[PDB]
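Beneath this line is the structure, given in structure tokens, with notes to follow.
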Amino acid sequence: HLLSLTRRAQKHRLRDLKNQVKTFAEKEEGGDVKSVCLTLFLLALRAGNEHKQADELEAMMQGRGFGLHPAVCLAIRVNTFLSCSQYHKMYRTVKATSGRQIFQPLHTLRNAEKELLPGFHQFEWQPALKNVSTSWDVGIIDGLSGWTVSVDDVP
Amino acid sequence: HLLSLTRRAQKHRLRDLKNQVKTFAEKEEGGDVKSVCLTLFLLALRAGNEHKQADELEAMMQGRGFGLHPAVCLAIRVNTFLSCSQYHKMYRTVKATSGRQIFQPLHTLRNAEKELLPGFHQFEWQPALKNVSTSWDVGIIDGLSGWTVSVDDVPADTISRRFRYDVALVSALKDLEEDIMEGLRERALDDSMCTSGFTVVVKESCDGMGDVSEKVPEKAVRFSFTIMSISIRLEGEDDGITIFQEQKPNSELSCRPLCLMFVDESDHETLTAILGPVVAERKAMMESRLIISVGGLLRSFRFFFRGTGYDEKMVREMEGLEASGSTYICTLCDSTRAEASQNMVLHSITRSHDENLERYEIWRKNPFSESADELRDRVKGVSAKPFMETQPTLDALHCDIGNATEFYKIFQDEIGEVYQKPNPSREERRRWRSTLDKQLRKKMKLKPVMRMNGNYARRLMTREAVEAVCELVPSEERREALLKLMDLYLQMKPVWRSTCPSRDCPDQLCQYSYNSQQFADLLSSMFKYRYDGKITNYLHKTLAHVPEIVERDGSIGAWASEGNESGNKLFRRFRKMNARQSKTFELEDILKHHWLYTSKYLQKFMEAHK
Ligand SMILES: [Ca+2]
Ligand SMILES: [Zn+2]
């Protein structure tokens with residue numbers, strides 16, 4: 001059978017249909033046989049109802065790519081209530097699993113996220129604010145607002 | 001352009017060369033349009049020197065599948081306590097963006113796991129097992145065993161879920177299939193023959209679980225087991241060639257649960273009436289031999305069971321002892337309590353299961369017509385009939401905790417005066433405690449806890465913490481005395497904490513007799529004021545039976561019950577995240593998740609090249 005042979009034998013056996021597809025592409029698709037056999041394999045997998053492998057192939061051929069955007073991963077983390085530790089756990093898992101750094105690790109996710117929190121964008125107010133510190137880049141404050149902690153007064 | 005059209009228009013355009021490919025593949029290649037156009041595309045890619053794309057396509061349309069292996073996917077899912085909806089959201093999300101679906105859907109795992117659960121793998125026994133329905137495919141089973149629900153009789157209320165031991169064992173073993181074949185090949189031993197002399201030593205361990213926040217009282221008991229070692233006896237003429245010994249059995253990552261009962265530890269009635277079948281089939285198991293498909297071949301098995309991982313209270317309770325601090329203390333040497341203070345080191349280990357049955361028959365029949373105490377002595381204190389056979393050994397963990405709390409008490413004592421104070425009061429005891437705690441906080445950075453666990457014990461045993469304690473003793477003679485005591489204890493401790501001292505630390509074993517002897521003598525001399533006749537059990541064991549068992553049973557610490565107790569936190573958190581939630585199922589699914597978490601296969605997928 002064809003799939004058990006080397007390149008030499010399969011060329012020797014398919015030469016006829018190779019010339020057939022070459023001349024059909026030259027007559028209709030400009031002689032670019034690679035895109036023609038790509039589309040034909042895609043359609044033959046579409047008919048075989050194995051959409052999954054054909055879609056993975058189109059992800060290989062001019063596909064969106066392996067990398068996941070760090071922001072989207074931060075999302076899928078928060079939207080799912082997962083940990084910090086557990087995130088890193090499954091991260092190292094998939095990392096050593098299939099050859100790629102599919103998720104970003106923690107610290108880069110943290111860095112990428114720190115802009116999405118409050119206190120990152122610079123701005124102004126016209127006129128300036130009423131009795132408000134013009135400091136902007138600040139993040140999370142403690143709510144007591146400098147409540148003098150001395151026991152003598154109200155706790 | 002062909003790439004921007006829809007599939008309908010692309011077919012309307014390419015159908016002609018399509019049907020030419022159809023007729024060519026039928027003329028020459030058995031009508032395989034799929035493989036024909038596959039190799040056509042492969043060679044058209046390889047012609048342009050685009051070797052990476054063609055190699056990746058050859059890797060995709062063979063062997064590995066869609067981006068991740070479904071097995072490792074389920075491994076992650078269980079390894080981090082995610083929910084179904086959790087997983088579906090994650091999967092749907094990551095598939096939306098840049099998908100190219102990666103994780104696997106839920107439904108596929110919902111039957112992909114059935115390899116790792118019990119009740120999948122063919123097997124049998126020669127001879128056939130006694131009293132066991134020989135269906136090899138049943139999975140999770142309610143433990144009640146068809147208790148007639150008649151409220152007339154004793155009520156059948158206690159909830160439980162368990163397995164059939166055999167099915168559990170075949171699942172665990174056929175999971176180890178990989179490792180045992182690997183070890184067989186490493187030793188270069190033949191693979192076709194030697195399919196009959198495999199011997200498996202399996203450790204079992206059970207323990208209750210206190211204060212389980214309930215969602216019946218708040219209790220529960222979990223009975224698990226763990227594969228320990230496996231060797232080969234074929235062809236004979238030798239001992240068993242060690243094939244694979246487990247590399248770290250203490251860690252709960254190897255503690256396979258088998259039964260769970262929402263019941264309390266102490267009420268003998270319920271515990272027994274649920275454990276019954278388990279005991280029965282483990283007993284019948286020593287007799288027959290096992291036959292499994294392994295390495296593609298039918299291979300045989302024998303077994304050796306060891307009941308070691310039980311805390312004291314349960315051991316003494318199930319071996320028919322007077323629980324627990326009664327005039328008979330040692331589970332091995334039948335000397336009295338006070339006598340255990342006169343002699344400490346010289347003793348023989350005698351207690352055995354069958355002979356305890358003999359002594360209990362003597363207790364029942366009373367063939368000598370002796371009174372209460374005379375009969376108590378003639379059987380050396382065996383009242384209740386044991387039913388679960390147990391190995392003659394102690395625990396590692398809670399001997400550690402007992403020595404730790406003993407030194408804790410004696411430190412609370414020597415901070416003040418004891419040889420100088422014949423009878424102190426409660427106030428001074430709590431005060432010496434308080435200054436000891438302040439000392440452990442200022443130095444060594446140790447706040448106290450309610451009761452000292454294993455970590456706090458490891459810390460309190462340390463030498464310089466004993467120095468920070470002894471700083472406060474007025475008499476420097478007593479200070480150097482308990483320091484010398486501590487040094488002897490530390491030189492003797494990793495004797496039993498080890499995995500294999502004959503390999504790790506043989507030197508302490510070689511000098512253990514004299515060490516423990518001089519230890520006990522210093523104790524009896526400079527601390528007689530306190531240990532006239534009152535000795536705790538663990539102190540007895542560690543000074544009366546350590547070398548006997550360590551020489552006999554190969555190793556110790558290798559049979560630590562701790563392996564289970566710690567791991568019980570999982571039964572805690574599994575309860576939160578993956579409750580059914582309703583008890584009658586809650587158990588069943590908890591156990592399923594647990595056994596799934598604990599199988600090797602998934603741990604192999606999790607470690608993932610260091
Ligand atoms: Ca326990
Ligand atoms: Zn003893």
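We name chains A, B, ... following the order of the structure tokens; residues begin at 1 in each chain, and ligands are numbered from 1 as shown.
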| Distance filter 6 Å around ligand 1, atoms: only C-alpha atoms and all ligand atoms, out as an NGL selection string | :B and (207 or 311 or 565)
Give me a file of those residues, with N, CA and C atoms, as a PDB file, in the first residue's frame.
```pdb
ATOM      1  N   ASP B 207      -7.375   3.927  58.409  1.00  0.00           N
ATOM      2  CA  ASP B 207      -7.471   4.807  59.556  1.00  0.00           C
ATOM      3  C   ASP B 207      -8.770   5.586  59.441  1.00  0.00           C
ATOM      4  N   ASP B 311      -2.775   2.899  63.173  1.00  0.00           N
ATOM      5  CA  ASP B 311      -2.374   3.502  64.430  1.00  0.00           C
ATOM      6  C   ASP B 311      -2.599   2.512  65.570  1.00  0.00           C
ATOM      7  N   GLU B 565      -2.687   8.815  56.477  1.00  0.00           N
ATOM      8  CA  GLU B 565      -3.299   9.834  57.328  1.00  0.00           C
ATOM      9  C   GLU B 565      -3.156  11.235  56.753  1.00  0.00           C
TER      10      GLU B 565
END
```
Checklist entry - Could you list, as a ChimeraX atom specification, all the residues within 8 Å of ligand 2, counting only C-alpha atoms and all ligand atoms? => result /B:329-335,340,347-349,540-541,544-545
Keeping only C-alpha atoms, write those residues as a short mmCIF file (atom, residue, chain, number, x, y, z; two decimals), in the first residue's frame.
```
data_model
loop_
_atom_site.label_atom_id
_atom_site.label_comp_id
_atom_site.auth_asym_id
_atom_site.auth_seq_id
_atom_site.Cartn_x
_atom_site.Cartn_y
_atom_site.Cartn_z
CA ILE B 329 0.96 -2.12 76.61
CA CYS B 330 3.19 -3.69 73.99
CA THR B 331 1.46 -5.28 71.05
CA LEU B 332 4.48 -7.64 70.91
CA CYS B 333 6.02 -8.35 74.35
CA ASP B 334 3.50 -9.36 77.00
CA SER B 335 5.30 -7.89 80.02
CA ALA B 340 8.52 -2.56 81.46
CA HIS B 347 12.56 -8.82 75.16
CA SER B 348 11.30 -11.25 72.55
CA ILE B 349 8.53 -10.63 70.02
CA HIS B 540 8.75 0.71 75.16
CA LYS B 541 8.70 -0.32 71.50
CA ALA B 544 12.57 -3.11 73.21
CA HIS B 545 11.75 -4.22 69.66
#
```
Could you build a table of the residues in chain B lying no more than 8 Å from chain A, giving for each the nearest pair of atoms and their separation in Å rounded to one decimal place, using only C-alpha atoms, ordered by chain and ascending residue number, as JSON lines?
```
{"residue": "B:2", "atom": "CA", "partner": "A:29", "partner_atom": "CA", "distance": 7.9}
{"residue": "B:3", "atom": "CA", "partner": "A:39", "partner_atom": "CA", "distance": 7.7}
{"residue": "B:7", "atom": "CA", "partner": "A:43", "partner_atom": "CA", "distance": 7.8}
{"residue": "B:11", "atom": "CA", "partner": "A:43", "partner_atom": "CA", "distance": 7.9}
{"residue": "B:17", "atom": "CA", "partner": "A:24", "partner_atom": "CA", "distance": 7.0}
{"residue": "B:18", "atom": "CA", "partner": "A:40", "partner_atom": "CA", "distance": 7.4}
{"residue": "B:21", "atom": "CA", "partner": "A:17", "partner_atom": "CA", "distance": 7.2}
{"residue": "B:24", "atom": "CA", "partner": "A:17", "partner_atom": "CA", "distance": 6.7}
{"residue": "B:29", "atom": "CA", "partner": "A:2", "partner_atom": "CA", "distance": 7.1}
{"residue": "B:33", "atom": "CA", "partner": "A:44", "partner_atom": "CA", "distance": 7.2}
{"residue": "B:34", "atom": "CA", "partner": "A:44", "partner_atom": "CA", "distance": 6.1}
{"residue": "B:35", "atom": "CA", "partner": "A:3", "partner_atom": "CA", "distance": 6.9}
{"residue": "B:36", "atom": "CA", "partner": "A:2", "partner_atom": "CA", "distance": 7.5}
{"residue": "B:37", "atom": "CA", "partner": "A:41", "partner_atom": "CA", "distance": 5.6}
{"residue": "B:38", "atom": "CA", "partner": "A:41", "partner_atom": "CA", "distance": 6.2}
{"residue": "B:39", "atom": "CA", "partner": "A:3", "partner_atom": "CA", "distance": 7.5}
{"residue": "B:40", "atom": "CA", "partner": "A:37", "partner_atom": "CA", "distance": 6.6}
{"residue": "B:41", "atom": "CA", "partner": "A:37", "partner_atom": "CA", "distance": 5.1}
{"residue": "B:43", "atom": "CA", "partner": "A:7", "partner_atom": "CA", "distance": 7.7}
{"residue": "B:44", "atom": "CA", "partner": "A:34", "partner_atom": "CA", "distance": 5.4}
{"residue": "B:45", "atom": "CA", "partner": "A:34", "partner_atom": "CA", "distance": 6.5}
{"residue": "B:53", "atom": "CA", "partner": "A:60", "partner_atom": "CA", "distance": 7.6}
{"residue": "B:57", "atom": "CA", "partner": "A:57", "partner_atom": "CA", "distance": 7.4}
{"residue": "B:61", "atom": "CA", "partner": "A:53", "partner_atom": "CA", "distance": 7.9}
{"residue": "B:66", "atom": "CA", "partner": "A:53", "partner_atom": "CA", "distance": 6.9}
{"residue": "B:67", "atom": "CA", "partner": "A:98", "partner_atom": "CA", "distance": 7.5}
{"residue": "B:68", "atom": "CA", "partner": "A:98", "partner_atom": "CA", "distance": 7.0}
{"residue": "B:76", "atom": "CA", "partner": "A:90", "partner_atom": "CA", "distance": 6.2}
{"residue": "B:80", "atom": "CA", "partner": "A:86", "partner_atom": "CA", "distance": 6.0}
{"residue": "B:86", "atom": "CA", "partner": "A:80", "partner_atom": "CA", "distance": 6.1}
{"residue": "B:89", "atom": "CA", "partner": "A:80", "partner_atom": "CA", "distance": 7.4}
{"residue": "B:90", "atom": "CA", "partner": "A:76", "partner_atom": "CA", "distance": 6.3}
{"residue": "B:93", "atom": "CA", "partner": "A:76", "partner_atom": "CA", "distance": 7.0}
{"residue": "B:94", "atom": "CA", "partner": "A:76", "partner_atom": "CA", "distance": 7.9}
{"residue": "B:97", "atom": "CA", "partner": "A:68", "partner_atom": "CA", "distance": 7.8}
{"residue": "B:98", "atom": "CA", "partner": "A:64", "partner_atom": "CA", "distance": 5.6}
{"residue": "B:99", "atom": "CA", "partner": "A:59", "partner_atom": "CA", "distance": 7.7}
{"residue": "B:100", "atom": "CA", "partner": "A:56", "partner_atom": "CA", "distance": 5.2}
{"residue": "B:101", "atom": "CA", "partner": "A:56", "partner_atom": "CA", "distance": 7.5}
{"residue": "B:606", "atom": "CA", "partner": "A:93", "partner_atom": "CA", "distance": 6.2}
{"residue": "B:607", "atom": "CA", "partner": "A:93", "partner_atom": "CA", "distance": 7.6}
{"residue": "B:608", "atom": "CA", "partner": "A:96", "partner_atom": "CA", "distance": 5.7}
{"residue": "B:609", "atom": "CA", "partner": "A:96", "partner_atom": "CA", "distance": 6.6}
```
Just checking: using only C-alpha atoms, which residue out of B:136, B:529, B:305, B:456 ends up closest to residue B:389?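 For residue B:389, the nearest of the candidates is B:305.
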- Which residues, written as a ChimeraX atom specification, have at least one atom at most 7 Å from residue B:142, with only C-alpha atoms counted and residues fewer than 3 positions away on the same chain left out? /B:145,160-162
message = Here is a test: counting only C-alpha atoms, which residue of B:579, B:151, B:60, B:284 is nearest to residue B:166?
response =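 Selected residue with least distance to residue B:166: B:284.
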**Message:** as JSON, numbers by chain, please: the residues near residue B:178 (cut-off 12 Å, only C-alpha atoms, same-chain neighbours under 6 positions excluded).
**Reply:** {"B": [172, 184, 185, 244, 294, 295, 296, 600, 601, 604]}
